[PDB]
Each structure stands twice: as structure tokens, then as C-alpha cells.
Amino acid sequence: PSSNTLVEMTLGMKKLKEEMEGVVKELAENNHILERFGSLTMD
Amino acid sequence: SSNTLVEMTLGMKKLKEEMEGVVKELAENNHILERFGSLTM
Amino acid sequence: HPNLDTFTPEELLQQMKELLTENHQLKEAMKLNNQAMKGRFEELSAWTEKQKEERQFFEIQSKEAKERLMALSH
Amino acid sequence: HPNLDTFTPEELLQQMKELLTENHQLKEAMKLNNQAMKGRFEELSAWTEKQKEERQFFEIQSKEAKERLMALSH
């Protein structure tokens, strides 16, 4: 609850949110490729 | 700091356990991908 | 802007709640992806076996036909 | 003294640094994992295509051999 603690926690928490934005886009891409896997043995 | 350090502790602990769970699923995914390479050979 | 750009304890807690939710949803989605990838794998294995078997049927038909021909052009 | 199952401020910051480390690790692993997904998808595409082409080759070979057999049977 000290200033320094809250500043450092804030920085960290904002960084975690940023990284997860990146992660979920990675997952989105994973989902897309997986969807395409189901079409390899078709036509 | 009363029950805000209490509350923050529990929050941080749960987050850590959940991220650990994600790593295990990713590990399984990577294992399945290795076997996919095996399929073509 | 140190006062504005610094979270209160209550906002930090809120953020922790939100990251937990995002991570849980991430975990559960990856479980589903692994299940589906295992399905795609069995499907592709079954399919390649079917293809090999059909290829062989045709190699055999072709060889028999090439032979029946010779065994009469004579 | 602080209670055992409750983080001190110092411990809370330590735990935050560990989460950053782990999360960063996860992100890089995910990038690697998606590169692998794409690499496998490319390999499986090529592989399934090869098997279709090889089935089709023998199917055409068989078909033409049988046609030849019938026309030259007379």
C-alpha cells in the first residue's frame, strides 16, 4: 500500500495484461489453424 | 495491510496456479504436434 | 501523472480477478484444442490407411489387366 | 510480525516478478507453438496432396488398362 509498492504492482499488472493480449491473439491463430486441419481430407 | 494484502495474496496465488494449468495444456499440445510430424514420415 | 497512473489496492484486486478469468478461459480453450487435435490425428490416420488401400486396389487391377492382355495377344 | 499465509509488501512484489517471468515464458512458448502448428499444417497439406495424386495416378492407370483390354479383346 506504500507508493512504491503500488507503482511497481501497477507497472507489473499492466504488463501482465499486455502480454495476455498477445497470448490470446496467439490462441486465436491456433484456433484458426486447427479449423483448417479439419479440411485436409476433403474434396 | 489488513485484508487487502490478504486479498491480494489469494489473487496472486490463484493467478499463478491458473498460469501453471495453461503451461500443462501447452505442453500436451506440443506433444500432439510432435506426433503430427511423425504421421508424414 | 503518478496519482492517476497508479492503481489503488481495489483496482489491483479487480485487475487480478480479470487476469484470472482470462487465464482460466485460456486454459479451458487449450484443453478443447488438444481434444480436437487428437481427433484430427485419428481422422488423418484413418484417412491415410484408406488411401493406401485404395491405391493398392488400383495397382492390382492395373497389373491384372496388363497381364490378361498379354495372356491373349499370344 | 506478519502472518504466515499473508504476503508482506516485499513478498507481494517478488510474487509479481515471478508472474511476469512465467507469463513472458508462456508468451514465447505460444509463439513457438503456433510456428509448429503452421509447420505441421504445411507438412500435412503436402502429404495429403501427395497421396491423392498417387491414388489418382493408379486409378487412371487401371482405367486405361481395362479400356485397352476391352478394345483389344475383339
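Per chain, numbering begins at 1; letters A, B, ... match sequence-line order.
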Legend entry - Distance (rounded to the nearest 0.5 Å) between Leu15(B) CG and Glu18(D) CD: 11.5 Å

Legend entry - Closest heavy-atom pair and its distance - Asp5(D), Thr9(B): O-CG2, 3.9 Å

Inset, instruction - Report the distance from atom CE of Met37(D) to atom CD1 of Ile32(B), rounding to the nearest 0.5 Å. - result: 10.0 Å

Inset, instruction - Report the distance from atom CD of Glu43(D) to atom CG of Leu39(B), rounding to the nearest 0.5 Å. - result: 10.5 Å

Inset, instruction - With rounding to the nearest 0.5 Å, note down the distance linking CD in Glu11(D) to CG in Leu5(B). - result: 9.5 Å

Inset, instruction - Could you tell me whether the side chain of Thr6(D) and the main chain of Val6(B) form a donor-acceptor pair under 3.5 Å? - result: no

Legend entry - Neighbour count above 12 (heavy atom, 6.0 Å) for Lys17(D) NZ: no

Inset, instruction - Would you name the heavy atoms of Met30(D) and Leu26(B) that are closest together and state the gap between them? - result: N-CD2, 4.0 Å

Legend entry - Region of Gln51(D) in contact with chain B, defined by heavy-atom distances below 4.5 Å: neither

Legend entry - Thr21(D) OG1 to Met19(B) CE distance, which is reported to the nearest 0.5 Å: 9.0 Å

Inset, instruction - Report the distance from atom CD of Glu34(B) to atom CZ of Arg40(D), rounding to the nearest 0.5 Å. - result: 5.5 Å

Inset, instruction - May I ask you to check whether over 12 heavy atoms, not counting those of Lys31(D), lie within 6.0 Å of atom NZ? - result: yes

Inset, instruction - Kindly give the heavy-atom pair with the smallest separation between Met12(B) and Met16(D), and that separation in Å. - result: CE-CA, 3.5 Å

